[PDB]
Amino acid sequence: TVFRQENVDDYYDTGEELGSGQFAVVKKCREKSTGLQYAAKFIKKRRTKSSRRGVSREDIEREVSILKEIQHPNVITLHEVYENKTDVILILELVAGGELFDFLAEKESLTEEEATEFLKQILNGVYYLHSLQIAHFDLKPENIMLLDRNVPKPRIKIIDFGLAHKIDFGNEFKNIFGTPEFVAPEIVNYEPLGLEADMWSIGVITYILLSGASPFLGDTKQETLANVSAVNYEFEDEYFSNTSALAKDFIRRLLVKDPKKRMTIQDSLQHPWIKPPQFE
């Protein structure tokens, strides 16, 4: 599949840089014909078939195909796609209130009510994705953006669909590996992956929201990965002594090694607490 090959600068003016991933740069932009503002994500293409730099065309096309499918309040959406010799340029919905990662660093830790207010929205977005058989595979606070960080109950959108895959057989078996602190044991062990890996990541995010601390983090990436595979985490009294047992129960039912025994997204919404790259 091919994308619009006119120069993106003929249609948009770019501004502030917002983020800078590995093979991607994100800049705020403005469409000339409407005045509306977006985030332009420039993804570097591979320069040869055998090249390690850049993103393969297969991987770019998959990300674009997934983004085109989605429309939900808690997920980023896609406005347009351009390309040239060096980059594919995704014109995405602008989410201007920064990352959940940076919001958390300012608060130290959240109350249970603040945590559930964020978590309910994350769960709603993942329920939508999993309903479409989309596994995100890279859920972490850096990939949760706030629409406006200066309101009592900030609204969020899930971003960064660069690892997302459609799971048409209940599992997939490709080269997929996200950030060590957040990956499930089946990722660490190179086993077939499905929608359950995202539920593990949600358990990690919940632990962090409540404590300010990362449950499996070691001093090196390999140590983190070993901790994940062994389910080597515990609720430290210093952080959790006054956290409700139901919050701990929710986390416990997500941080389960066997993916078949982990809570599904539907389970998580009925849980009583809720119910109303890898190498150094």
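For the two forms, the rigid core is made up of the largest set of C-alpha atoms that agree within 1.5 Å on superposition. The numbering used is simple: start at 1 and walk along the sequence shown.
*Asks:* Which is farther from the shown form in 8 other deposited structures of this protein in C-alpha RMS with the core fitted, 21 to 29 or 254 to 262?
*Replies:* So, of the two stretches, the farther one in 8 other deposited structures of this protein is 21 to 29.
*Asks:* When the other structures are laid on this one by the rigid core, do the CA atoms of 172 to 180 or of 135 to 143 sit farther away in 8 other deposited structures of this protein?
*Replies:* Evaluated in 8 other deposited structures of this protein, the stretch farther from the shown form is 172 to 180.
*Asks:* Do a third or more of the other compared entries leave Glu108 out of the model?
*Replies:* Yes: coordinates for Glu108 absent from at least a third of the compared entries.
*Asks:* Which fits the stretch between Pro276 and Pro277: none, 1 to 3, 4 to 9, or 10 or more deposited residues lacking coordinates?
*Replies:* The entry has 10 or more unmodelled residues between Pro276 and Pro277.
*Asks:* Which has the higher mean CA temperature factor in the PDB entry, 72 to 80 or 94 to 102?
*Replies:* The deposited B-factors put 94 to 102 ahead on the C-alpha mean.
*Asks:* Can you tell me which stretch has the higher mean Cα B-factor, 213 to 221 or 50 to 58?
*Replies:* Stretch with the higher mean C-alpha B-factor: 50 to 58.
*Asks:* Report the option among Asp198, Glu181, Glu108, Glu186 whose CA atom has the maximum B-factor in the deposited record.
*Replies:* Result of the comparison over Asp198, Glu181, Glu108, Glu186: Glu108.
*Asks:* Using only the C-alpha B-factors in the record, can you name which of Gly170, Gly203, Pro141, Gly125 has the highest?
*Replies:* In this record, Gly170 carries the highest C-alpha B-factor of the candidates.
*Asks:* When the deposited Cα B-factors of this chain's modelled residues are ordered and cut into thirds, is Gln121 in the lowest, the middle or the highest one?
*Replies:* For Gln121, the deposited C-alpha B-factor lands in the middle third.
*Asks:* Lowest, middle or highest third of the chain for the C-alpha temperature factor of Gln22?
*Replies:* Answer is highest: the recorded C-alpha B-factor places it there.
*Asks:* Sort the modelled residues of this chain by their C-alpha B factor and say whether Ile208 lands in the lowest, middle or highest third.
*Replies:* For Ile208, the deposited C-alpha B-factor lands in the lowest third.
*Asks:* Sorting by Cα B-factor within the chain, modelled residues only, which third would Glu238 end up in: lowest, middle or highest?
*Replies:* Highest third, going by the recorded CA B-factors of the chain.
*Asks:* Please place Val151 in the lowest, middle or highest third of its chain by C-alpha B factor as given in the entry.
*Replies:* For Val151, whose C-alpha B-factor we compare with every modelled residue in the chain, the answer is the highest third.
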